[PDB]
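Participant: Here's my sequence, what's the structure:
(3 chains)
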Amino acid sequence: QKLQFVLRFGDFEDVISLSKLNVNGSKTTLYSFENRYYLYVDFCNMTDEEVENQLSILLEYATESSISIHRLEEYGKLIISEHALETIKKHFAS
Amino acid sequence: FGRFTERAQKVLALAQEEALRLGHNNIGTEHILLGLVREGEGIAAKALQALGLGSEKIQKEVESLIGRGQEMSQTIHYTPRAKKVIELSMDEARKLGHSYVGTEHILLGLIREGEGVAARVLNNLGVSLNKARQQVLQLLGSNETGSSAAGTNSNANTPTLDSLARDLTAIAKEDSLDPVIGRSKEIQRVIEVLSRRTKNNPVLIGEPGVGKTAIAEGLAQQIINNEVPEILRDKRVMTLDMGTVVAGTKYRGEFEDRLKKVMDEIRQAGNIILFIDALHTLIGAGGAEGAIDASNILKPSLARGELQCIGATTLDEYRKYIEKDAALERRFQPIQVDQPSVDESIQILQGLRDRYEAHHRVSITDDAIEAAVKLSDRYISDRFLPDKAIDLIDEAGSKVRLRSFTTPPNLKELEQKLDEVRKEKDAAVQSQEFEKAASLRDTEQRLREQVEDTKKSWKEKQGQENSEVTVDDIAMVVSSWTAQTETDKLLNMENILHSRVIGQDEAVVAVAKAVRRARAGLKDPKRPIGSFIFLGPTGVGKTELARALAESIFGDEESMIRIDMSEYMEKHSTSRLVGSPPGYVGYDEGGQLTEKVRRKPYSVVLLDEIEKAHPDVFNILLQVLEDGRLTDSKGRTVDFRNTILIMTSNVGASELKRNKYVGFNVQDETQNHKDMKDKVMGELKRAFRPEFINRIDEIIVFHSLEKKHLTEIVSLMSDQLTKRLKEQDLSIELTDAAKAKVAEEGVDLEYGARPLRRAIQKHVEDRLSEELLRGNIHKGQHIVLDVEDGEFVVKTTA
Amino acid sequence: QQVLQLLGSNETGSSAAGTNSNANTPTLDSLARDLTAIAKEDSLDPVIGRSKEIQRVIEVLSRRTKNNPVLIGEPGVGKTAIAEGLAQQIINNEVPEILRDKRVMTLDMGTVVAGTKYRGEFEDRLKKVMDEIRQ
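Facilitator: Numbering: from 1, shown residues only, chains lettered A, B, ... in the order given. And now the structure:
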């Protein structure tokens, strides 16, 4: 169904907030593009139940971006690449 | 927003409760949904209970979508998904006209935001999202009352009431009744004139502009029981609604066809009341560009009483019906509707408060509503007594509401900063420079909470305005266009008039007191707020006081008519303005003077140089000065009830243009003074017939053109120059010293005070431009023009 | 086919999901695009005013009395710039309490003329707008 999404987080701060809440199972790369932060979740191995869960969490802070993933990778720029959320927990959480 | 219902607010807090109870420390939509059902059996909750959702069922699902535990009670607030559901609900109550937002709307809004966690909660627990939004709506919407049921009647009514239109009688038996507050004494007079069978048509004449429609609901009540005669019982009131006629019509033929249909059904004759608002359009009578002529069907109908109807007309309208006597005069018969008494105004004002409390200022302040009234008769002064009024109210009933959200305390700097953060942060992560955005992010959201905290400390500016329209404010708004800052404008009119008219203290005080008497809201408008003669020759300060009267009297410079009497003699504007021997007064009465004052009834009307016109014009004008009205221009009535009539005159010129100087002594100056302060007050009577002038409220005298007047002329010209340059964005001021160097080239005895403009051009315009071009001074910088030791010098300041 | 169908969706900072309210249907269709819309998807205009002009409107508009603002000046000014100003602020957020929930809809002459055949037909379109004007 859906296992990689391009989510628009209202700003970077939404991504942070989200990172600070269970977002495990997400390799993730965080773009800022048009000053809005898209956060590209790349779920590696989740079932339908597991995504409906996880994707919820993300989408407490996000909406599901209408911007294509090849648009992020091309016409956007990385903010935290890696496991963006995970990395954000390191350098942004208090 | 502010102004919500309980049920809503309750549903909202319950989300937060579940935040921690389920471990989702951010309240997404899953908790908002839960909130709805956790409010138990309120309209949101109940709705969800229909589709198959218990409070229980939701919180477990909710808990299954963000997991449990992840709690620590880490600032459990909403997140943007949850915020979207709220934005939608407000509109889902607006939709229903609610200036409040209840439970229903919150589920309605939830559904709207039918993606996110709420959405998944309901779609996992076997509930279609729209099936839920349905359910809330169809239980309760907006909160209101005033309803009744049971009862039906009548058969003959069928063809008519379909078309066209709502029946006035019905809504007051539906418990949707509205008084509406008039103009009560008008309602009684209708039924003599109505329950005839020979001239059974009432025709109400007032102004638009009185809220004529208020009187109409009166009729409804009396038509039911029982004032109208015994076999003239069983009356029904049907309004011939213009809106229904235009609907489904797109041609003149079609419009006529709709009127024909109404007329055909009108067989309910002599026991049917037809209400025709703005009667004139159908008759089509008068003018040089008449309206559509329904008159062919309407005239025999009116005479017959098959069209037994009520006409709602205004100040001007009546002439064009009595002209077609008698079948709209064998029908018509008049009854007096107010030129609104001040008191009638007040009650309307008060009545419309709560909906300017949707603009959230007015309701209240009381004195300020009163200000709308009291201020309107004299200050704006541009319509009729209640139209004027309400505008003053709502303008101010928004003005301050605009001033409201301008800042936090002064913590506007916070917001400015919070922006700057994003930038730094963003661009740094764009390089990444992860943590080089991070601390900037952290600083941002810190900031944000401060911003929002002190901007909703500027809820104090809500509690300020959201019931208050301010005294000073209503007045201020009245001053702005054209209570406190109109009655301070009134009381201190003289103070305001003195700052713009230099010399002619005689004149200023005379206008001031006459206008201020009228202007205290204590004189009925049915005569100018000041009638005046402004004496002295051209160039003595006359006009300038008229202008200064607009500022002081009206609260802004705006609104000044100005008509030349010299044209109404055909010998000063017979070849400078189009016409022929049988023209000129026909243009003025018939068009110019009357039309001009209809645009702004407020206006200081200046009928210049009245000596030049023969006294016959003055008789026509005399009606303006007395009555406050003229009827001209195809039967239109012009309210000079609100004007200030100012007639200027050809008076005393020789001394009253004579300058001071030394003619024999250093007391030839003080002999230009005392002499000018004598010369107006005896020269005035010679410049006109007495018949005009007596209907003038104080006889204003303006004296000479001293030496002394020269340096006042430099200060009139230089200030007009520098001000037309302000649009560029040049901030200029002239010191008196700079006006002096300009005078150096204009103290000519052989060319008068004319060279001063040219010398201003040379020393101000030319000089400022020669300083701006070099970049010595700039636009937006405040520019002081001075003379140092004899030579002009241009300095710059902020 | 294959190429066309993966042009790629490039936003401008856009956001979307659902729409409120039901009453809105008849009116906003006709006639016309709304200034409000483009600023709710980050396609908003600069607009470059005539900035001091925009503020004075909100007094005259948060009226329900002299409820109509009226801009006077050259054609030519770029008066129309001031209007998009309003759109943006009426959304977020310096406006009076019900002027946060106002909508700005444009009476576009182009839609009225399109499909017309006479002056009468043009009037018919204006009539239709007036019935729906109940908003």
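Participant: ok, so what distance separates whatever residue of chain A ends up closest to chain B from residue B:763?
Facilitator: Chain B sits closest to residue A:60 of chain A, with a gap of 2.8 Å, by Cβ to the nearest Cβ. The C-beta positions use only the backbone N, C-alpha and C, and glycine is treated the same way. The gap separating residue A:60 from residue B:763 is 71 Å, by Cβ to Cβ, to the nearest Å.
Participant: on that earlier part again, tell me the spatial nearest neighbour of the residue of chain A closest to chain B, not counting adjacent residues.
Facilitator: Counting by Cβ to Cβ, 6 or more residues apart in numbering or on different chains, residue A:60 lies nearest to residue B:28, which is 2.8 Å off, once chain neighbours are set aside.
Participant: can you pull the contacts of the one you found?
Facilitator: By Cβ atoms under 8 Å, 6 or more residues apart in numbering or on different chains, the residues touching residue B:28 are A:56, A:57, A:59, A:60, A:61, B:66, B:79, B:81, B:82, B:116, B:117, B:118.
Participant: ok, now which residue in chain B is the farthest from the centroid?
Facilitator: residue B:664 (59.5 Å; Cα atoms, centre = their mean).
Participant: Residue B:719 against residue B:734, yeah?
Facilitator: Yes - contact criterion Cβ atoms under 8 Å: residue B:719 and residue B:734 qualify, at 7.4 Å.
Participant: What parts of the stretch 151-300 of chain B come near chain C?
Facilitator: For the stretch 151-300 of chain B, the residues in contact with chain C (Cβ under 8 Å from any Cβ of the partner chain) are B:243, B:246, B:247, B:249, B:250, B:251, B:252.
Participant: Just the buried residues from the residues you listed, in PyMOL please.
Facilitator: To isolate the buried members of those in PyMOL, using 16 or more other Cβ atoms under 10 Å in any protein chain shown:
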select buried, chain B and resi 246+249+250
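Participant: From the residues of the stretch 151-300 of chain B next to chain C, pick the one nearest chain A.
Facilitator: residue B:247 (40.7 Å).
Participant: which SS class is the residue positioned nearest the centre of chain A?
Facilitator: Residue closest to the mean C-alpha point of chain A, counted by Cα atoms, centre = their mean, is residue A:39 at 3.1 Å. Here residue A:39 is strand, with the state taken from DSSP: H, G, I helix; E, B strand; the rest coil.
Participant: From residue B:167, how far out is it?
Facilitator: 61 Å.
Participant: higher neighbour count, residue B:719 and residue B:734?
Facilitator: residue B:734 (24 against 15; other Cβ atoms under 10 Å in any protein chain shown).
Participant: State the number of residues packed around the residue of chain A found nearest chain C.
Facilitator: Chain A approaches chain C most closely through residue A:34 (3.7 Å), counting by Cβ to the nearest Cβ. Number of residues near residue A:34 (other Cβ under 10 Å) recorded here: 17.
Participant: which strands and helices sit next to the longest helix seen in chain A?
Facilitator: When chain A is parsed with DSSP state H, its longest helix is helix A:48-61. If you count contacts as 3 or more Cβ pairs under 8 Å, 6 or more residues apart in numbering or on different chains; DSSP states H and E, helix A:48-61 packs onto strand A:4-9, helix A:12-19, strand A:36-43, helix B:29-37, helix B:55-66, helix B:80-94, helix B:117-124.
Participant: run the last query once more with 7 Å
Facilitator: Helix A:48-61 sits against strand A:4-9, helix A:12-19, strand A:36-43, helix B:55-66, helix B:80-94, helix B:117-124, with contacts defined as 3 or more Cβ pairs under 7 Å, 6 or more residues apart in numbering or on different chains; DSSP states H and E.
Participant: Pretty sure residue B:733 sits in a strand.
Facilitator: Yes - remark: residue B:733 belongs to a strand, assigned using three-state DSSP.
Participant: contacting residues for residue B:468?
Facilitator: Applying Cβ atoms under 7 Å, 6 or more residues apart in numbering or on different chains, one finds that residue B:468 lies in contact with B:361, B:364, B:365.
Participant: Please name the residues that touch the first one.
Facilitator: Contacts for residue B:361 (Cβ under 7 Å, 6+ apart) come out as B:397, B:398, B:400, B:401, B:465, B:466, B:468, B:469.
Participant: got it, and the second one?
Facilitator: The neighbourhood of residue B:364, defined by Cβ under 7 Å, 6+ apart, consists of B:467, B:468, B:469.
Participant: Up against chain B, what does chain A have?
Facilitator: Chain A comes close to chain B at residues A:10, A:12-14, A:16-17, A:21-22, A:32, A:35, A:52-53, A:56-57, A:59-61, A:64, A:77-80, A:87, A:91-92, as judged by Cβ under 7 Å from any Cβ of the partner chain.
Participant: ok, the closest residue to residue B:341 other than its chain neighbours to residue B:633 distance?
Facilitator: Nearest residue to residue B:341, sequence neighbours excluded (Cβ to Cβ, 6+ apart): residue B:385, at 7.7 Å. According to Cβ to Cβ, residue B:385 stands 23 Å off from residue B:633.
Participant: measure the residue of the stretch 1-150 of chain B found nearest chain A to chain C for me?
Facilitator: Distance from chain A to each residue of the stretch 1-150 of chain B (Cβ to the nearest Cβ) is smallest for residue B:28, at 2.8 Å. Noted for residue B:28: a distance of 13 Å to chain C, by Cβ to the nearest Cβ, to the nearest Å.
Participant: Give me the neighbour count for the closest residue to chain A within the stretch 551-700 of chain B.
Facilitator: Closest contact between the stretch 551-700 of chain B and chain A, by Cβ to the nearest Cβ, is at residue B:556 (43.7 Å). The number of residues packed near residue B:556 is 15, by other Cβ under 10 Å.
Participant: what sits against it?
Facilitator: B:479, B:480, B:481, B:482.
Participant: export those to a markdown table and tack on secondary structure?
Facilitator: Below are the contacts of residue B:556 laid out as a markdown table (three-state DSSP):
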| residue | secondary structure |
| --- | --- |
| B:479 | helix |
| B:480 | helix |
| B:481 | helix |
| B:482 | coil |
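Participant: out of those residues, which touch chain A?
Facilitator: Of those, not one also sits near chain A (Cβ under 7 Å from any Cβ).
Participant: Scan those and report the most crowded one.
Facilitator: Neighbour-wise, the contacts of residue B:556 (other Cβ under 10 Å) top out at residue B:479, 24 neighbours.
Participant: who's in contact with that one?
Facilitator: Taking Cβ under 7 Å, 6+ apart as the definition, contacts of residue B:479 comprise B:485, B:486, B:489, B:555, B:556.
Participant: Of the residues you listed - the most surrounded one?
Facilitator: Result: residue B:486 is most packed of these (other Cβ under 10 Å), 29 neighbours.
Participant: Test my guess that that one contacts residue B:474.
Facilitator: No - judged on Cβ atoms under 7 Å, residue B:486 makes no contact with residue B:474 at a distance of 8.1 Å.
Participant: Quick check: buried residues in the longest helix of chain A?
Facilitator: Here helix A:48-61 shows A:51, A:52, A:53, A:54, A:55, A:56, A:57, A:58, A:59, A:60, A:61 as buried, counting by 16+ other Cβ under 10 Å.
Participant: Repeat that for stretch B:190-200.
Facilitator: Buried-residue list, stretch B:190-200, by 16+ other Cβ under 10 Å: B:190, B:191, B:193, B:194, B:195, B:196, B:199, B:200.
Participant: What is the burial count for the residue nearest to residue B:536 when sequence neighbours are not counted?
Facilitator: Spatial nearest neighbour of residue B:536, excluding adjacent residues (Cβ to Cβ, 6+ apart): residue B:702 at 3.8 Å. By other Cβ under 10 Å, 29 other residues sit near residue B:702.
Participant: what's the spacing between the closest residue to chain A within the stretch 601-750 of chain B and residue B:653?
Facilitator: Nearest residue of the stretch 601-750 of chain B to chain A, counting by Cβ to the nearest Cβ: residue B:729, 32.1 Å away. Remark: distance between residue B:729 and residue B:653 (Cβ to Cβ) = 42 Å.
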